[PDB]
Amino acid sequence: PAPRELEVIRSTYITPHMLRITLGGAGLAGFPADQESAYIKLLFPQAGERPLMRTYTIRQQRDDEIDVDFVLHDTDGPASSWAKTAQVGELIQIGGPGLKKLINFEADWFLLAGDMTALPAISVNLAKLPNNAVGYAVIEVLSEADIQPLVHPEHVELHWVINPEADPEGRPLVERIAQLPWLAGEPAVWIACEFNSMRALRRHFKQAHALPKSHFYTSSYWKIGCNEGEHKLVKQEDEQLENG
């Protein structure tokens, strides 16, 4: 299967550390509908070698284009660097879409949590939740300026954790979450963030409040000190340890 060549239509700052690139062009023909929160693979040139791949979320989808929001993280990679320099009319090949994972809607209350890499996906889950949904969304951003006014059910509270430097100990997100009252009934939990933060969260829930995996999604989206290729190995190893 060959990749799609897509065209950069627009580049837009959402917040100082979040840049939205809009992709379109003839290359999107037959791309499937209803893919918001699904992920794609951006393909990047290597001289004399296989292309690098970087994973991103479809933040928004219209019938003629899709939006991808790039966190402008420290220590540029091929992807964040590409986003910052991307001109209108420039081309990029992608693979995808890969299947989306939404939070389990079949629950009494909800908890979504993650860092900026998960913010696009969390924003789609919040917009899709029922109007009367109850619970919490806890999101780690780099500054106050990177807080966004998201659409959400009025009884889902948005808690922002502001942290300029990612914590290899994984403390910020779990420490805020453990201060949030546990509500009545069974929750569904959706968590995606930096590996160590997700493991801290996962460990918290195992020790304190054990939940079935159907109602408890965890995912490492990146890892400190690793590029995506290195992260993938650690992710796979962790998945294998955890699921057997």
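For every residue, the number given is its place in the sequence shown, counted from 1.
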Segment of higher mean CA temperature factor, 205-213 or 188-196
205-213
If you rank every modelled residue in this chain by C-alpha B factor, which third holds residue 232: lowest, middle or highest?
middle
Here the Cα B-factor of residue 7, set against its chain, lands in the third termed middle
Against its chain's modelled residues, does residue 132's Cα B factor rank lowest, middle or highest third?
highest
Residue 26's Cα B-factor: lowest, middle or highest third of the chain?
highest
Tell me, lowest, middle or highest third: where does the Cα B factor of residue 93 rank within its chain?
middle
